[PDB]
Amino acid sequence: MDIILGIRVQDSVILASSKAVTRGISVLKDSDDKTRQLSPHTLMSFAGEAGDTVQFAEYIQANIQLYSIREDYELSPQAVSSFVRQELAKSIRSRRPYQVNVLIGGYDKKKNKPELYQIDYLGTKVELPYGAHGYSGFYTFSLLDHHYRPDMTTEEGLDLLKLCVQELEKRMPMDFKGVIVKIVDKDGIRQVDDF
Amino acid sequence: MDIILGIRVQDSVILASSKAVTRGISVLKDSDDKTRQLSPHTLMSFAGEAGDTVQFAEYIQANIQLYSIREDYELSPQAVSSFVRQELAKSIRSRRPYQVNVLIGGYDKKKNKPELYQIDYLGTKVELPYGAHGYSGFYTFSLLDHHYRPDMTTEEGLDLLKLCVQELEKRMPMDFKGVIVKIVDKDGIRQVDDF
Amino acid sequence: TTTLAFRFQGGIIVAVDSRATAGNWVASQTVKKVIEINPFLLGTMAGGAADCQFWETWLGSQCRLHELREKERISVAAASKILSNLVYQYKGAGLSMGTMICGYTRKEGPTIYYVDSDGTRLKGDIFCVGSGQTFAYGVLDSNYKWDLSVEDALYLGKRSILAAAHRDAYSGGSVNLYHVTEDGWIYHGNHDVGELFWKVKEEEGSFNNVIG
Amino acid sequence: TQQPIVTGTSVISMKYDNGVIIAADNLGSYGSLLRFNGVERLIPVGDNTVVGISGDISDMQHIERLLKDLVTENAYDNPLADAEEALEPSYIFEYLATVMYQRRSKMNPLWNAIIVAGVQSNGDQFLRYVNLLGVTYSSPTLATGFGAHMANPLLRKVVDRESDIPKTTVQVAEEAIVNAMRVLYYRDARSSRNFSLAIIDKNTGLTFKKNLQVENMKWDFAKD
Amino acid sequence: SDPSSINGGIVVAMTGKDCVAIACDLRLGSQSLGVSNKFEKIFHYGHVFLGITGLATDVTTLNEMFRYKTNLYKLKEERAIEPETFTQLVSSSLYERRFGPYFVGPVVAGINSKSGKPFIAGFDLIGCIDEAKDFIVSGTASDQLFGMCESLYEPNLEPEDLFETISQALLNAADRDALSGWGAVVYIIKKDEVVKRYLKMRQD
Amino acid sequence: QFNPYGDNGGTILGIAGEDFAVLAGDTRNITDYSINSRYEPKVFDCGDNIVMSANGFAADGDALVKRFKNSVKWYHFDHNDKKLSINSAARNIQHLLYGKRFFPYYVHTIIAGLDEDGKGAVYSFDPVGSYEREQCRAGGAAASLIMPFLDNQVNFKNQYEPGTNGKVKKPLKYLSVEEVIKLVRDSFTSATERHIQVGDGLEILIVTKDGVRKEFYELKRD
Amino acid sequence: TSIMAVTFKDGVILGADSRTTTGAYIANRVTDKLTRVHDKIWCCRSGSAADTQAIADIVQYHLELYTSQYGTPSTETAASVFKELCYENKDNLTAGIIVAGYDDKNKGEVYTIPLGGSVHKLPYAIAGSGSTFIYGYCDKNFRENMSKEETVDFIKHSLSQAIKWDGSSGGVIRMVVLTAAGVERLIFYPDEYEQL
Amino acid sequence: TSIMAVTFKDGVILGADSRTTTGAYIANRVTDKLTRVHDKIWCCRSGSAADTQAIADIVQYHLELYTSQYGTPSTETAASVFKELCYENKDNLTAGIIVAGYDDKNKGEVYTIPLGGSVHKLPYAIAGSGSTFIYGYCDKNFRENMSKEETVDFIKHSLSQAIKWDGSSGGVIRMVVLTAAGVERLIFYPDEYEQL
Amino acid sequence: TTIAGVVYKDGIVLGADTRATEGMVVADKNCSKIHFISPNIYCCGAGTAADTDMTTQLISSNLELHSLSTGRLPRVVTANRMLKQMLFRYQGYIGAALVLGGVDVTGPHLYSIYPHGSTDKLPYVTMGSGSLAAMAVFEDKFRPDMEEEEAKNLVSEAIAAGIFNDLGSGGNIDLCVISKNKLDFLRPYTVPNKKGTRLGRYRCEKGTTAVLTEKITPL
Ligand SMILES: *C[C@@](C)(O)[C@](*)(O)[C@H](Cc1ccccc1)NC(=O)[C@H](Cc1ccc(OC)cc1)NC(=O)[C@H](C)NC(=O)CN1CCOCC1
Ligand SMILES: *C[C@@](C)(O)[C@](*)(O)[C@H](Cc1ccccc1)NC(=O)[C@H](Cc1ccc(OC)cc1)NC(=O)[C@H](C)NC(=O)CN1CCOCC1
Ligand SMILES: *C[C@@](C)(O)[C@](*)(O)[C@H](Cc1ccccc1)NC(=O)[C@H](Cc1ccc(OC)cc1)NC(=O)[C@H](C)NC(=O)CN1CCOCC1
Ligand SMILES: *C[C@@](C)(O)[C@](*)(O)[C@H](Cc1ccccc1)NC(=O)[C@H](Cc1ccc(OC)cc1)NC(=O)[C@H](C)NC(=O)CN1CCOCC1
Ligand SMILES: [Mg+2]
Ligand SMILES: [Mg+2]
Ligand SMILES: [Mg+2]
Ligand SMILES: [Mg+2]
Ligand SMILES: [Mg+2]
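Residue numbers (UniProt numbering), protein chains in the order written: chain D, 1 to 195; chain G, 1 to 195; chain X, 76 to 287; chain P, 34 to 257; chain Z, 2 to 205; chain S, 20 to 241; chain W, 20 to 215; chain R, 20 to 215; chain A, 44 to 262.
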């Protein structure tokens, strides 16, 4: 899977993730959602090797959903990200590691703050105002370095994200078939259906 | 360079050639014309390794233009294609071969017939009703097998070509930034500026 | 191999070629690339002949145990995921498998899942898998719409395999057709490319790249 | 996976009207070095079977012990160990064949080529081959390694098909084997002059001949 | 990678009673991709016929080369080259590229104009002459052709009996090869008439 | 490095008749340019009116045949002496072969017999156990020489009726056992002439409702 | 191969086995590895058969042309020509050659030319695969100014052992005696030397 | 390494050089390669120093435990234990061991165990890199039922030659004499053996 | 291939099989392997077949020119030198393995020449895949100074051993007898295998194949 972006604004986290699923010379699908809801206020996007990506996402989802039932409580985004990192850090020294990179965008209902975590397949975690995995970051980080402000609104975040996706459509060689965008705020997770 | 198509209809040959020039992770240009006019009624499109493509095209162009001045006469498309094939067949056993594939679309003013030649970097020549180089042919030949007729008009040829370019935009992984289209008929060579 | 399956107004169409190769050696031209799991489930086969034949036969056994245990027809989603979770366990070992789990249940309606040997599992309306997928995609994508009749859909699938049987050196032999509806699957014949090609040429006025 | 170190060369054999003959030279080579000149490579099992072994000598010695141990084990709780329930050539072969194929399938082969020669209870001639890959075959003449290329052509002129076996006497067969051993000494760089020969006959039993030598050697054409 | 099986295709030749036959398929591909179904592999220089399988650029180059050589031959000798002589010319020409060869499998066929004797021959890529009376085969389905020819062929066939034999040999051999077929041509050659027939075969 | 595989040559041929089946194979066993044996049988009666051959690497072939024969024995024990049908035998062989998917039996297997309707059957397997029922199959070294001839002469491929010129196909008339044995012998004579690993002898096993019969023919020995 | 040249009172004697191998197959069991480059200058050949023959033929040509212009060449001169070829073409050759000759002035002389292309003048020399096994024996048993019969026995015993242990050596023992009296060819068969 | 064991009238004698190398560097010039596995069963060690020490220590343990239960083991028994270790661990070991011992019943016995793990009972045995050079010499000079002084000389001369030609061998020549009389250790220095 | 030669009392007998192969397939069953060098010298050829044909032809051509200039019959030593020196120059890449036999002013001579340029001068030689099978027959039955019909039989017997026991070799047996008084080129000397008889006629009847179009042109 190719491009996954994330941006944390004033009161929300926005995750943009490409729709293309290519194998070899054929684009097999152009409407693929590269995300799983882990809990009502925590969303994880993912990209990496075929099979491993979904298998890993669904496995994490299952574990967080089990935690939610057992304790009748939602884990903080910080807690979920630390759980995910440990799973990847365990994975990297396995017989066959999970080749999956992830972004975790969550809204911490206790602190009333949006939070964005970037984690690679080695288990390298970082909290960021904006993140990306793979080649996308080479273009998108310099844009966001220029245009980002911490106090931006969700609409300003979406405009700044359009400017990222346009630059990627201009300068990247692969046709990634546009992006599905999702906003994570105090009211939960919703999909922007027109982008 | 990626996609180059050709289609011979009733009274003309139409060549479509992609505009993208990519190096690595960046699309350096999105308006590149992958063709050279060899003579007033003969056009050659080309694709292959960087540098080699243009160097080879311009070298052929120079030689045909020299022939034209010396004899005050235009070589037939059949003659130009045979000259080009020999150059590639000579090339393949060189110290460093030209890695270039070509299509030669010409209108033979003697026979009053359009002619399309497909030649690869080994010097493999074939006359065809429609041709392609690289991965494009895997999608486009089956379309043209279905839809082509020998007695089609130039407008019918352009519609059939749009259907080829749409299928390539749907199913190929690389963004080739659309195609420049050129028609070769009894009146010479002209570029379709809106496609 | 060339296998396609697509969703439309009046169900699912599934069409496959019938050739098996060992390099450039044509090993057979009368091979069955569709497994009839039950009266409502089909599986297509592309890739390793043994890997497909074995694990898709095994899939049919696991679908039977589900309906004994649960007194209910297995969902296409569940059937496809048994196979995807299986191949994922064998990931890296060198299984070669490209398959399409096509079926109907009341719960999900007509459904197609693409599953392959490196773990990818995808729901969709159109798929083409095999060495000749690109050739089939070309014809299929440019004549498709939900609108299509059962007569036109059956033909388009037949024709999209013929297309690939022609151009792809490793596809051919014959076209096996299936139509899946709410009442189950229905076989729509074995069509030898030897006779079909010349009939389709004559009647359709296509394949003008050929001498005949 | 290993590599053979100390090695034995050709084992040759054939059927004749009443039994079988088998032969092998007494050399243990260490590459090009002709290291051990007193190595016996024909190993009898009972009074009705001789197992001829080529290839790695350490693996041969292992196989020798397995056969020695097989005789011990067959005697256990067996009042007919020296009569109806004695070990047969066919039993001894099938055991070795099982072992050889098992070992190749664990990627840890016994680095040998074996010919089991003998006579069965009913008087039938037994002659069969097995090697490090578990490949088995039978023929009126059998030979391992180098002998397959030079001995078999000569021995097949005496017994070309099955119907020639009753026509071949023990004298004709023994001459052919000794003739073949001379030819191998001229032409195999990893062979020796000294060899052992064994005849297993349905009437006269097992005759084991030690310290034979290649003789009647033509070298006179060299001086020119 | 292997130059002798990139493009694909086959040639077969046979002798009969006062006649020879040579035949070839029409496919040219890039491995799996079929490109052309009009790529003939049989050429002629006077009354001598030459079939060539293998790498298609070399097939074309050698055709152009032997046309060149046989033209100069005719100008100097004041007569058309004979099959026996042409066979030697092919062998020489291939062997002069011994350590950088043309990746081809040529097949000569014709009737000696003076003696009236039917003649065929075949070559490896460096020019060793297979000089057989019965039949010569070449290409990606050569094994298949060898089997078909050995069981179907018999000596001294009349032209139209021979046509059926060579045609069935080609068609059934091609249908067991992924890189052959897509059409076929058969030449029936007699001392002073040549019949060229295109065959109807399955187009996969 | 140790290579666990080898090539013992040989060539086999199965043909299904209307109420019979044949499985033939040459009796030559080789390695490289050497002949090991001029008579080493390759096609075996496995019981229950089933004949089998596993041509290729003879050790893996012997192993497989041995395991299937044993499978027939234990099928009788475990299911009250029930006859193993040819279709059931074929599925059992798929599992035997696929069991060694990642360290294969280096052989091409063919079984022949009668189906449960009394009609002739031939099943054909790749090394890792994919299979299919056919009317006709050659396997091994000279399979590329023989199969095209069988397409032409058994299934009447590319054959049409004189006078119609390509319009009407030659009808698919059934072949008698005497007719089939002629094709097998001539197929092996052709394969012997043109393939260096084929020769010495031909052994044919014929399966009918009455049982398993054998025939043997000389082949050219060079 | 087992080869040796040994100086003695009356001149020098060359010795060799007769085996030529292609892997384990003895391609020629009666090989003549003692070759003549001049009337009384001979050589022993070990290594590639093609390389040593090609060299020996070129040396024979050079010394024939030397003789035409400057009379009989010295044994040292022959050795120098062998060296020049072997040293300058060391990357393409596998040749180990012993050069032995009889002058009247210098008497018997032995020069050995190993793989490198270096030259070494010695009282005797041993070479070839089978020579490894007789270093101990030859060093203990060699004396200077031996008689003809002693030197024939010294070579016969030495090569007998080299043959016994080396599979690459075998067949007959050929010798070539170089003295003022002339050139004598000797042969010794297995039945004679094996029982020593 | 140059090592040998030789049976004679009164029993058996083991012999060895004293050089241990790491490439061209002589890591130990006074090495003791004759090691004791029982009162009158000793061995000569060649190959990897670590492997042969590890083996010899394990054998010493096995024979000590054999002695505790079943009394003095035969020389054949000691050889079998060495063989069992060397054969079963052939893929991980580089060990060439000669086993030599004195029974009263059997007298002197010598068993050699080369790289394969095979066993060979012999009148005498030679092994190690330096042994190649003395096959010729030892075969010509060995006799059965020699005296003690003859066998000491036979070993001294043989290893003197092995040392002279092999760079991997050198230093002192150690010997160990095994007879009914007991166990005697002998040493011979360069100044003595080089002048032979 | 099985090629062989012997020196007999009056001269030389050369022998060869007739099987040419590609892969594991037999391309020619009656292929000629005994080559003309000069009227008194012939050469059997094994190895890469093209290299065998062209190497003998080039040396035959150069000896013809040599012989025209000197006016006397060529010698086997010069044929041996010219082949040897060429094969050596090409360092084994010209894969010719020859048995060279002929009769000079100096008597009969037999050589074996290897691809790398080594030659052995011998009273009997064998080469090719079938050389061991053939050499076994010579080690069994050869003796010096044989009569003609005896030597013919021995070589024929040696080629046969190769034909039957070696899969590389087959077909007929060709001999070439060379003496001072005659040259006898026997092709075939023996036909040890009959051509297999076919029990059916599988040839199709006229109009069975499907044609699209037709063209006729006269000459
Ligand atoms: C068009 C094609 C031929 O690619 C299509 O995919 C065939 C699908 C098919 C499905 C069911 C039954 C029969 C055929 N596939 C084949 O014909 C495959 C192609 C293939 C070969 C090898 C591999 O290897 C990973 C993948 C795909 N052909 C086979 O499976 C053939 C008959 N058997 C073998 O090649 C045997 N080998 C043995 C070693 O292990 C791999 C299989
Ligand atoms: C101990 C022995 C017998 O090997 C001795 O050294 C021989 C010296 C000799 C033989 C004949 C005439 C004159 C002198 N040498 C041989 O018998 C050589 C062995 C050898 C082969 C190759 C190389 O190095 C490349 C070194 C030594 N035998 C040959 O030369 C034989 C005739 N030819 C081949 O083995 C063919 N090979 C094929 C691979 O490329 C090299 C030549
Ligand atoms: C001829 C000689 C002196 O080499 C003889 O064989 C010695 C026997 C000996 C030495 C000391 C005590 C007992 C017996 N062997 C050595 O001196 C060995 C040489 C040798 C090294 C390695 C191998 O095979 C893996 C075989 C022989 N010397 C050593 O073992 C020394 C102490 N250690 C090293 O050279 C270190 N190497 C590093 C690379 O891995 C292997 C050990
Ligand atoms: C036993 C046999 C058949 O090998 C014998 O030596 C034949 C001698 C012979 C001589 C004159 C005319 C015909 C036959 N040799 C052949 O039949 C050779 C065998 C061979 C094949 C391949 C190689 O490769 C090093 C060596 C020998 N057959 C051929 O030469 C055939 C006609 N051509 C090819 O196989 C093509 N190859 C391509 C690669 O380069 C070598 C020639
Ligand atoms: Mg196809
Ligand atoms: Mg085909
Ligand atoms: Mg044959
Ligand atoms: Mg020897
Ligand atoms: Mg010829």
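Cβ atoms here follow ideal geometry from the backbone N, Cα and C, with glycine treated the same way.
Between the Cα of residue i and those of the options, spot the shortest distance and give me the residue it belongs to.
{"i": "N72/Z", "options": "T58/Z, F87/Z, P4/Z", "result": "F87/Z"}
{"i": "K201/S", "options": "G243/A, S161/A, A93/A, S222/A", "result": "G243/A"}
{"i": "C25/Z", "options": "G10/Z, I137/Z, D3/Z, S116/Z", "result": "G10/Z"}
{"i": "residue 196/D", "options": "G106/D, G137/D, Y135/D", "result": "Examination of residue 196/D is not possible in this model, given that chain D is present from 1 through 195 alone."}
{"i": "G132/S", "options": "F235/S, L224/S, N27/S", "result": "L224/S"}
Can a CB atom of chain Z be found closer than 7 Å to the CB of residue i?
{"i": "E212/S", "result": "yes"}
{"i": "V285/X", "result": "yes"}
Tell me the rounded alpha-carbon separation between residue i and residue j.
{"i": "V191/R", "j": "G34/W", "result": "36 Å"}
{"i": "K237/A", "j": "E222/S", "result": "20 Å"}
{"i": "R70/D", "j": "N63/D", "result": "11 Å"}
{"i": "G182/S", "j": "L172/Z", "result": "20 Å"}
{"i": "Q86/G", "j": "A47/G", "result": "18 Å"}
Using 7 Å as the limit for Cβ to Cβ distance, is residue i near chain A?
{"i": "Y219/P", "result": "yes"}
{"i": "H95/P", "result": "no"}
Beta-carbon of residue i versus every beta-carbon of chain W: anything under 7 Å?
{"i": "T131/R", "result": "no"}
For residue i, decide whether its Cβ has a neighbour in chain R, counting only Cβ atoms nearer than 7 Å.
{"i": "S91/P", "result": "yes"}
### Query
Residues in the segment 47-64 of chain G with C-beta within 8 Å of chain C's C-beta atoms, listed in sequence order?
Among the protein chains of the structure shown, namely D, G, X, P, Z, S, W, R and A, there is no chain C.
### Task
Report all residues for which the CB-ligand distance to some heavy atom of ligand 5 is below 6 Å; order them along the chain.
Here the list is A240/X, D243/X, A244/X, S246/X, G247/X, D205/Z.
### Message
Would you call the segment 160-177 of chain A in contact with the segment 211-224 of chain A, where contact means no fewer than 3 C-beta pairs closer than 8 Å?
### Response
Three or more beta-carbon pairs drawn from the segment 160-177 of chain A and the segment 211-224 of chain A are found closer than 8 Å, and the two stretches are therefore classed as touching.
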